[PDB]
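From first to last, the protein sequence lines stand for chains C and Y. Mind the numbering: the first sequence is residues 1 to 213 in this note's numbering, read in order. Mind the numbering: the second sequence is residues 214 to 479 in this note's numbering, read in order. One structure below.
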Amino acid sequence: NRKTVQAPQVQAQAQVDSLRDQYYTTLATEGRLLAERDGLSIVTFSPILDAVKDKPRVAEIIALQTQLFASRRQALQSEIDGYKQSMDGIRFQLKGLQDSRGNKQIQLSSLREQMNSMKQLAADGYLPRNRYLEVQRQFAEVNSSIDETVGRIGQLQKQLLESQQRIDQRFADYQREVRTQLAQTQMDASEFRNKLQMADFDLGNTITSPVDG
Amino acid sequence: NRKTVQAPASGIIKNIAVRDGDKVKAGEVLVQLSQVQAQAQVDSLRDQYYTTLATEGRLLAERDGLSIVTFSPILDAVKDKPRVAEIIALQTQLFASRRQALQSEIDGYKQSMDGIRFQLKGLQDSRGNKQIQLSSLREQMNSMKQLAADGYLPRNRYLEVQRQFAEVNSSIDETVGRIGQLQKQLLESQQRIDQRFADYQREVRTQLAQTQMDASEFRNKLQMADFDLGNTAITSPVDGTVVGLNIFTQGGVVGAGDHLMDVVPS
Numbered sequence: 001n002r003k004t005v006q007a008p009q010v011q012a013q014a015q016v017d018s019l020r021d022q023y024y025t026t027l028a029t030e031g032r033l034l035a036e037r038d039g040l041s042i043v044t045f046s047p048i049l050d051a052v053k054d055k056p057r058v059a060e061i062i063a064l065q066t067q068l069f070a071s072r073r074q075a076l077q078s079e080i081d082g083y084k085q086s087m088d089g090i091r092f093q094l095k096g097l098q099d100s101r102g103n104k105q106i107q108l109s110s111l112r113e114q115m116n117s118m119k120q121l122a123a124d125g126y127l128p129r130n131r132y133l134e135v136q137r138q139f140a141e142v143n144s145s146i147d148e149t150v151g152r153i154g155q156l157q158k159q160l161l162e163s164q165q166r167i168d169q170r171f172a173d174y175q176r177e178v179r180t181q182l183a184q185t186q187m188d189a190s191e192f193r194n195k196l197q198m199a200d201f202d203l204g205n206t207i208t209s210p211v212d213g
Numbered sequence: 214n215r216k217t218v219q220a221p222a223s224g225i226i227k228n229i230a231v232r233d234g235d236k237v238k239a240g241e242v243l244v245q246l247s248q249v250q251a252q253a254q255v256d257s258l259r260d261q262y263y264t265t266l267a268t269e270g271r272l273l274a275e276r277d278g279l280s281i282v283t284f285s286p287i288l289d290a291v292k293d294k295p296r297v298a299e300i301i302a303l304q305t306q307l308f309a310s311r312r313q314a315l316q317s318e319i320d321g322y323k324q325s326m327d328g329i330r331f332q333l334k335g336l337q338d339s340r341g342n343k344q345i346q347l348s349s350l351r352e353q354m355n356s357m358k359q360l361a362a363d364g365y366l367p368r369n370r371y372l373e374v375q376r377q378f379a380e381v382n383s384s385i386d387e388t389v390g391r392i393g394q395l396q397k398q399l400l401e402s403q404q405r406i407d408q409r410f411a412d413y414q415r416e417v418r419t420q421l422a423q424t425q426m427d428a429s430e431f432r433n434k435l436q437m438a439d440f441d442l443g444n445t446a447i448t449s450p451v452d453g454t455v456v457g458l459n460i461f462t463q464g465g466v467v468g469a470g471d472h473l474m475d476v477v478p479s
């Protein structure tokens, strides 16, 4: 017993277009971020974006993401490399301090020996015209020198450990940053998706119940 | 009157250059010592010193954003020494890296801001087009007010175009809200660049200060070490003969406060 048509590409198309680039921007940003979250060498973009490279705004936003990705990766790379050679410089300092410490050790044993031989002569009934106290001083000095060198060493070892925790810190900071931006981007991807389903819905109406009779 | 030469440091005399009945030249060498421990200390301080010199060359360049690091001529003069060459290589490396990381970061921020700009372009275009739609709607609402007043369309769909107008407008301000927020993201990201640049300078200026302190500490220490090694070779004060040998102390340990020879002028 009959049906009645009661509903509501001319301007809604514009709305759809507008939501669409914004969305594409989010897709590009998400490809970049996904690549950065994981440890991928190259960004790989959504087939949504992929299907439509030809559009200049799209080609532009992809280029931008490829660049920004490259810049960031180069920067992290160069930073952590910097940390490692900083550590290498520290290790290089450590080596020299150890050389000194050993050579001081040798001077230390030798002082010790001269003190003993003085004591042995004394024990035999011969006391040296030489002053043993002078040697007690040299020995004591070498000893404290050695302590200085050791303290310096401990300091350096602490520094490499701290710098290592610094590296670990900056990877972690990067991870958190990237995951935050990513979740945010994903939310935007979703609000755009849904808004776009709606705009599409609007454009679908321009219409007719049956099409031809 | 007569003065007698005592013993400066306290170590092992390796050789003597004098014996009784032998006159002086003012400042001749009368004794030596092994110098192996004094030579060692000087060497070790020279090493540490050399390390800070490398570092300092790097920091100065990073402070003045020089394109290439340029090292102290001292370092140049002893480049042949393997640890020296080593540290120069490492410092040059560490420089290359750091300048690189900074560039790459700043590039990232400029490209990200360009991304924000690319977004704003689209948003501005959208807003413009929406302004047009707003205008066309208003003119059509007017024409409808006219028909209504004549009696030809009821006021009931006459209200509809006003609904449309309002929706388009509210859409426009959604878009503007986004624009403003983004304009903020530009100011914010820009200040992030600026702040971290300030941070890099602060770090470098500090670290340089540290290095200078160290350089100073080594410099003055080395000066002292050089006094000691220079002092392992004993010299006469007056000008004339020598009296008072302990004939055979050659090779034997000595103390501070020990006078083992005296020198004559008649």
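Each residue gets a CB set at the ideal place from its N, CA and C atoms; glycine is no exception.
For this session: Would you mind stating whether C/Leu33 and C/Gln165 have Cβ atoms separated by less than 9 Å?
Result: no
Exercise. Just checking my contact of Y/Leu333 with Y/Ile392 at CB under 8 Å: how many whole Å lie between their CB atoms?
Worked result: 6 Å
Which partner residues does Y/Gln219 have in the DSSP bridge list? Y/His472
Q) Anyone know if the C-beta pair for C/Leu68 and Y/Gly328 falls short of 9 Å? A) yes
- Message: Taking 8 Å as the limit between beta carbons, can you name the residues of its chain near Y/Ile301, skipping five residues before and five after?
- Response: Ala267, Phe284, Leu288, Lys292
Subject >> Anticipated Cβ contact below 8 Å, Y/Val455 with Y/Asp233, distance rounded >> reply: 6 Å
- Reduced DSSP category for Y/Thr419 - H, G, I as helix; E, B as strand; rest coil: helix
inquiry  = Give me the residue from Y/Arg312, Y/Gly390, Y/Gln248, Y/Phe461 with the minimum Cα distance to Y/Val417.
reply    = Y/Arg312
Contact the segment 337-353 of chain Y vs the segment 94-113 of chain C: 3+ CB pairs below 8 Å: no
- Query: Per the contact definition of three or more C-beta pairs closer than 8 Å, is the segment 460-479 of chain Y in contact with the segment 128-136 of chain C?
  - Reply: yes
| query | Less than 8 Å between the CB of Y/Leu421 and some heavy atom of the ligand GTP, yes or no? | reply | Absence of the ligand GTP is noted for the structure shown, with no ligands found whatsoever.
What is the DSSP secondary structure of Y/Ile460, counted as helix, strand or coil?
coil
Buried or exposed: C/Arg101, going by 16 or more other Cβ atoms within 10 Å of its Cβ? buried
Notebook entry, point to check: In terms of alpha-carbon separation, which member of Y/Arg296, Y/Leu315, Y/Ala222 lies closest to Y/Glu275?
Noted result: Y/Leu315
Length of the line joining the Cα atoms of Y/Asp427 and C/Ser144 = 20 Å
How about Y/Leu258 and Y/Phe440: do their beta carbons lie closer than 9 Å?
no
* Measuring only between beta-carbons, confirm whether C/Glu30 sits less than 9 Å from chain Y. => no
- Query: Exposed or buried, Y/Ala438, counting other C-beta atoms within 10 Å across all chains shown (16 or more means buried)?
  - Reply: buried
_Suppose you measure from the CA of C/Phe92 to the CA of Y/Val242; what does that come to, to the nearest Å?_
39 Å
> Whose C-beta lies closer than 7 Å to the C-beta of C/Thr149 among residues of the same chain, with five residues either side of it excluded?
Replying inline: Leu97, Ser100, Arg101, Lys104
Between the segment 225-240 of chain Y and the segment 203-210 of chain C, do at least 3 Cβ pairs fall closer than 8 Å? no
*State the DSSP-derived secondary structure class of C/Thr29, mapped to helix, strand or coil.*
helix
_If we define contact as Cβ-Cβ less than 9 Å, is Y/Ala411 a contact residue for chain C?_
no
Item to check | Sub-9 Å separation of Y/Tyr263 and Y/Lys236 beta-carbons | outcome: no
Compute the Euclidean distance between the alpha carbons of C/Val142 and Y/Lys238, then round it to the nearest angstrom.
36 Å
Practice task
Return the CA-CA distance between Y/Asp320 and Y/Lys358, expressed in angstroms with no decimal places.
Solution key: 57 Å
Identify every residue that forms a DSSP beta bridge with Y/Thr448.
Y/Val242
Exercise for review: For C/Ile42, write down the residues that DSSP places opposite it in a beta bridge.
Suggested key: Answer is none; C/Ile42 lacks a bridge partner.
Margin query: 9 Å is my cut-off, CB to CB: does C/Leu94 come that close to chain Y?
Written below: no
query: Which one or two residues does DSSP pair with Y/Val466 in a beta bridge?
result: Y/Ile225
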